[PDB]
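To start, the structure itself, in structure tokens.
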Amino acid sequence: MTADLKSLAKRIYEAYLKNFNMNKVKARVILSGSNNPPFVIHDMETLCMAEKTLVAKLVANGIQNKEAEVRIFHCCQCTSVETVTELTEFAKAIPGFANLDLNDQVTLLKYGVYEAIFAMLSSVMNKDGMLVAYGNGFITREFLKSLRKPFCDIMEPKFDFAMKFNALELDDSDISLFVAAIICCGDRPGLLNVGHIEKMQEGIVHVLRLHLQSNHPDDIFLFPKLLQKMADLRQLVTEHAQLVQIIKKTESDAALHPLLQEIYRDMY
Ligand SMILES: CC[C@@H](Oc1cccc(CN(CCCOc2ccc(OC)cc2)c2nc3ccccc3o2)c1)C(=O)O
């Protein structure tokens, strides 16, 4: 009569497979190289071609269309909004999460979503670029670096994180538990029921530790490596939020979707 941690790990993995449109298996199939192959965006010509096919409404305004960098900024936010919806549904599978007060659920998701986004973003990145638009585009790392400041500073730190994160060779069963652990941080600002959240965190981290022990017997330090990656993600989000605020304040055409402005409001 004890918790079945192996069953819980499988439940979390199944909830991740059901709730996230993108995962590492799907991304790798596309990145390896028959139907709906990804359009390569490596310069302004190919960006504009891709937009006309994949986000036609955004470029149907003629001389009124926004600057390319601002269009990219908007597209990035759209993915974040959708991923927040997926993360919110995923969180229901985490033991104890749905039993928390609604306000604590909101706070955990507020601080956790971008850490989870950047962790999962790594699955669609290689050293040369990243998948976009539900796997239907591939935008090169060099093209994103070529954008005018400060838009060229958005993605590069996330590539830097991803190259090292991907070198750990996690699979989706690992990532699902890592995302659940990200969401269950008992030290987020403003939590009410810290005690219950700490116990929820302890439980999911126990599931993660045992899973990594079983799934990665070759890497005895993988668990502390991932604890450090969680801290790295918190710093990456803090810096990202600062950049988003600079853009919002100084780029009169770069707007922030209201759901994301609420996430960012009073975060760091
Ligand atoms: C800028 C403010 C914005 O920052 C960022 C910064 C980095 C990443 C994101 C979200 N993101 C990139 C989507 C790009 O989406 C397009 C689509 C079309 C296009 O042109 C045709 C160009 C880019 C993404 N997260 C994922 C999670 C898992 C799997 C894949 C994922 O991808 C937002 C924020 O803070 O929300």
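All residue numbers here begin at 1 and follow the chain in the order shown.
Backbone N, Cα and C define each Cβ position, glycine as well.
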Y114, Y264 bind indeglitazar per Swiss-Prot; candidate in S80, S146, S252 listed for that same site: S80
Among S80, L233, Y264, the recorded positions whose C-beta sits under 6 Å from ligand 1: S80
Counts by DSSP class (helix H/G/I, strand E/B, coil) across the region 'Required for heterodimerization with RXRA' (104-233): 87 helix, 10 strand, 33 coil
Of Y114, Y264 (the binding-site residues), the residue whose Cβ has the fewest other Cβ atoms within 10 Å: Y264
